[PDB]
Amino acid sequence: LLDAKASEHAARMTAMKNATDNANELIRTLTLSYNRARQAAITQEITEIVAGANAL
Amino acid sequence: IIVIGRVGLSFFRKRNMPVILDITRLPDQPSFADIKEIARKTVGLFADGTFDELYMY
Amino acid sequence: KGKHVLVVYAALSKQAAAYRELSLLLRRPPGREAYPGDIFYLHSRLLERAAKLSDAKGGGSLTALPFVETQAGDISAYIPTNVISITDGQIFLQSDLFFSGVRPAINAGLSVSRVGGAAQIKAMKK
């Protein structure tokens, strides 16, 4: 029983450590994609506005 | 089969095995006093007049 | 004249694009996604002639089933939002369901109808 309990705690250790690492790895790429999307949105909006102004 | 922890017991349940003694809830820091009840059951039934071989996993 | 008519618009995104082409050629100022101002008015004029006339006018009817072609399952696109803002309800089809051999690739989850119940026979209703 005591061997099993200790092994369970070790397994939970490793699983949760891997979970946090994967979460951070996902976070960095999500932030990168977010920044690219924001830049694209603002540049397209500005181009649309300036073209609409020049069209007159 | 004798299993402690229903979370892992459900595997052999779906594997349609007979459960003799099952222990589901226990403290994270169990004591010999806590295990004494299960030990008493294990020596009352499962005793040598009923059972001669075990393999623990 | 009291008859009953059904109309199916095969694409509407193509018509929207053609109108944008014509507007930009005629040097009209553009708006969202370079579309002209009155695309909503265009489609409202299109889809608001579908009605069930009263008995005083002859009892005619005219149902319409416009289609929209989506790119990679985009629902929040400008023209799809515009059209589903006009129609009574939407019926969805799904690429994964079609590829799994399920024809029609109906999606009961997202598809809605605003006159449900009143448009069924009693047996099917029950």
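- Method-wise, the PDB entry is recorded as coming from cryo-EM, at a reported resolution of 3.3 Å.

### Examining the side chain of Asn82(C)
And step 1. The topology assignment puts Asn82(C) in helix 3 (residues 78-84).
And step 2. Setting aside anything within four residues of it in sequence, one finds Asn82(C) in contact with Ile39(C), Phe40(C) and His43(C).

### Regarding the packing of helix 1 (residues 13-25) of chain C against helix 2 (residues 39-47) of chain C
Residues and elements named next belong to chain C.
And step 1. Where helix 1 meets helix 2, the axes come as close as 11 Å, and the angle between the chain directions of the two elements is 135°. With respect to each other, helix 1 and helix 2 are oriented oblique. The handedness of the crossing between helix 1 and helix 2 is right-handed. Contacts between helix 1 and helix 2 involve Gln15, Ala16 and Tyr19 on the former and, on the latter, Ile39, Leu42, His43 and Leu46.
And step 2. Looking at the contact of helix 1 with helix 2, its residues break down into five nonpolar, two polar and no charged.

### Brief notes about the arrangement of the chains
And step 1. Counting contacts across all two pairs of chains that touch, the top pair turns out to be chains A and B.
And step 2. The two units chain B and chain C are non-contacting; their minimal C-alpha-C-alpha distance is 30 Å.

What counts, and where the lines are drawn
Residues numbered from 1 in each chain as written, not as in the entry; some residues may be left out. Chains lettered and ligands numbered in written order. Part of a larger assembly, values for the part shown. Heavy atoms only, no water. Helix = DSSP H or I, 4+ residues; strand = E, 2+ residues; numbered from the N terminus. Contact = heavy atoms within 4.5 Å. Axes fitted to C-alpha atoms, helices over the stretch in contact; angles between N-to-C directions. Parallel < 35°, antiparallel > 145°, perpendicular 65-115°, else oblique. Left-handed = near helix turned anticlockwise from the far one by under 90°. Nonpolar A, V, L, I, M, F, W, Y, C, P; charged D, E, K, R; others polar.

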